[PDB]
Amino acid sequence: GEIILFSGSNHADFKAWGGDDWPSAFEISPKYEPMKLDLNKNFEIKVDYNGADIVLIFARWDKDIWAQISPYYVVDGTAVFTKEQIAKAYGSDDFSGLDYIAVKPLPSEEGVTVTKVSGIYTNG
(Lines of atoms letter the chains of each structure in order from A and count residues from 1; the text may use other names and numbers.)
(Lines give C-alpha, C1' and ligand atoms only; values in the text may rest on other atoms or scores of the structure.)
Protein backbone atom coordinates (compact mmCIF):
# COMPACT_ATOMS: atom_id res chain seq x y z
CA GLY A 1 0.00 0.00 0.00
CA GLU A 2 1.05 1.13 -2.48
CA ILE A 3 3.69 -0.52 -4.73
CA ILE A 4 3.89 1.06 -8.20
CA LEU A 5 4.77 -1.52 -10.87
CA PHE A 6 4.26 0.68 -13.96
CA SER A 7 3.43 4.22 -15.11
CA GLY A 8 3.23 6.15 -18.39
CA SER A 9 1.29 5.25 -21.54
CA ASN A 10 1.22 1.77 -23.11
CA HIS A 11 -1.18 1.10 -26.03
CA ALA A 12 -2.07 -2.45 -27.16
CA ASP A 13 -4.10 -3.26 -30.31
CA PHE A 14 -6.04 -6.54 -30.49
CA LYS A 15 -8.75 -7.35 -33.07
CA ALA A 16 -9.53 -11.04 -32.42
CA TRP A 17 -8.19 -14.48 -31.42
CA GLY A 18 -6.81 -17.11 -33.81
CA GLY A 19 -3.82 -15.06 -34.99
CA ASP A 20 -0.11 -15.29 -34.16
CA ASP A 21 0.25 -13.41 -30.87
CA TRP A 22 -2.10 -12.14 -28.14
CA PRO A 23 -0.20 -9.02 -26.98
CA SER A 24 -0.04 -7.50 -23.48
CA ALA A 25 -0.24 -3.87 -22.34
CA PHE A 26 1.97 -4.98 -19.43
CA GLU A 27 3.76 -8.24 -18.52
CA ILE A 28 6.47 -9.79 -16.29
CA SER A 29 8.62 -12.92 -16.32
CA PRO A 30 9.18 -13.20 -12.55
CA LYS A 31 11.73 -16.03 -12.96
CA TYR A 32 14.13 -13.57 -14.65
CA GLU A 33 12.91 -10.03 -13.89
CA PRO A 34 13.16 -8.98 -10.25
CA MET A 35 9.74 -8.11 -8.80
CA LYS A 36 8.67 -5.69 -6.05
CA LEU A 37 5.45 -7.44 -5.02
CA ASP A 38 5.27 -10.25 -2.45
CA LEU A 39 2.93 -12.99 -3.69
CA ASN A 40 2.67 -14.75 -0.30
CA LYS A 41 1.23 -11.52 1.15
CA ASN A 42 -2.54 -11.03 1.06
CA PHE A 43 -2.94 -8.57 -1.84
CA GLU A 44 -4.89 -6.86 -4.63
CA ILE A 45 -3.81 -5.47 -8.03
CA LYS A 46 -5.20 -2.18 -9.38
CA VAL A 47 -4.85 -1.02 -13.02
CA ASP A 48 -5.55 2.42 -14.48
CA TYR A 49 -6.72 1.74 -18.05
CA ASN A 50 -8.65 3.37 -20.87
CA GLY A 51 -10.66 1.74 -23.68
CA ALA A 52 -11.18 -2.01 -24.08
CA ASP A 53 -12.05 -4.41 -21.25
CA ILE A 54 -9.16 -6.36 -19.75
CA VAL A 55 -8.08 -9.62 -18.14
CA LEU A 56 -5.22 -10.52 -15.80
CA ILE A 57 -3.22 -13.72 -16.50
CA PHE A 58 -1.12 -15.93 -14.21
CA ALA A 59 0.54 -18.78 -16.12
CA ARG A 60 2.93 -21.66 -15.53
CA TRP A 61 4.12 -23.45 -18.69
CA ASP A 62 5.33 -26.84 -17.37
CA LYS A 63 2.15 -27.73 -15.43
CA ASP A 64 0.30 -25.82 -18.15
CA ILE A 65 -1.85 -23.42 -16.15
CA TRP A 66 -3.54 -20.31 -17.57
CA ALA A 67 -5.42 -18.54 -14.80
CA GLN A 68 -7.21 -15.66 -16.50
CA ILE A 69 -9.68 -13.44 -14.64
CA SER A 70 -12.04 -10.51 -15.04
CA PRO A 71 -11.93 -7.50 -12.69
CA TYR A 72 -13.53 -7.77 -9.23
CA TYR A 73 -14.95 -4.36 -10.20
CA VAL A 74 -14.23 -1.25 -12.31
CA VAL A 75 -14.54 2.41 -11.27
CA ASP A 76 -13.28 5.67 -12.84
CA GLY A 77 -11.03 3.90 -15.35
CA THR A 78 -9.53 1.66 -12.65
CA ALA A 79 -9.99 -2.12 -12.52
CA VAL A 80 -9.33 -4.28 -9.45
CA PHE A 81 -8.20 -7.93 -9.31
CA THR A 82 -7.96 -9.70 -5.93
CA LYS A 83 -5.82 -12.64 -4.78
CA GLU A 84 -8.90 -14.77 -3.97
CA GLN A 85 -9.79 -14.61 -7.70
CA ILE A 86 -6.28 -15.36 -8.93
CA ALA A 87 -5.73 -18.30 -6.55
CA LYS A 88 -9.14 -19.80 -7.41
CA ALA A 89 -8.40 -19.66 -11.14
CA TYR A 90 -4.81 -20.85 -10.60
CA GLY A 91 -5.98 -23.77 -8.41
CA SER A 92 -3.86 -22.77 -5.41
CA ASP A 93 -2.46 -19.74 -3.56
CA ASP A 94 1.07 -21.18 -3.77
CA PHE A 95 2.65 -19.67 -6.91
CA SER A 96 5.98 -21.56 -6.90
CA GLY A 97 7.05 -22.23 -10.48
CA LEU A 98 5.08 -19.20 -11.77
CA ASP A 99 6.39 -18.23 -15.22
CA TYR A 100 4.23 -15.39 -16.44
CA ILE A 101 2.07 -12.44 -15.32
CA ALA A 102 0.25 -10.12 -17.75
CA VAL A 103 -2.53 -7.60 -18.36
CA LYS A 104 -4.16 -8.26 -21.73
CA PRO A 105 -7.05 -6.67 -23.64
CA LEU A 106 -10.11 -8.46 -25.02
CA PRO A 107 -10.88 -8.18 -28.78
CA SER A 108 -11.74 -4.52 -29.44
CA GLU A 109 -12.22 -2.15 -32.36
CA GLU A 110 -9.39 0.18 -31.27
CA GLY A 111 -7.37 -1.43 -28.45
CA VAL A 112 -6.49 -0.36 -24.90
CA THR A 113 -4.06 2.02 -23.16
CA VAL A 114 -2.72 1.27 -19.68
CA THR A 115 -1.57 4.36 -17.77
CA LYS A 116 -0.51 2.57 -14.53
CA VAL A 117 -0.36 -0.78 -12.69
CA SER A 118 0.10 -1.31 -8.93
CA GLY A 119 -0.25 -3.62 -5.91
CA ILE A 120 -1.81 -3.15 -2.45
CA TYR A 121 -1.56 -5.20 0.76
CA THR A 122 -4.64 -6.00 2.84
CA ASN A 123 -5.94 -7.14 6.25
CA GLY A 124 -7.54 -10.60 5.78
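The numbering used is simple: start at 1 and walk along the sequence shown.
When the C-alpha B-factors of 10 to 18 and 100 to 108 are averaged, 10 to 18 comes out higher. Take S70, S29, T82, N50 and read off each C-alpha B-factor from the entry; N50 has the highest. The PDB entry assigns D94 a C-alpha temperature factor belonging to the middle third of its chain's modelled residues. Annotation for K36: CA B-factor lies in the highest third of the chain's modelled residues. Ranked by C-alpha B-factor against the other modelled residues of its chain, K46 falls in the lowest third.
Ranked by C-alpha B-factor against the other modelled residues of its chain, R60 falls in the lowest third.
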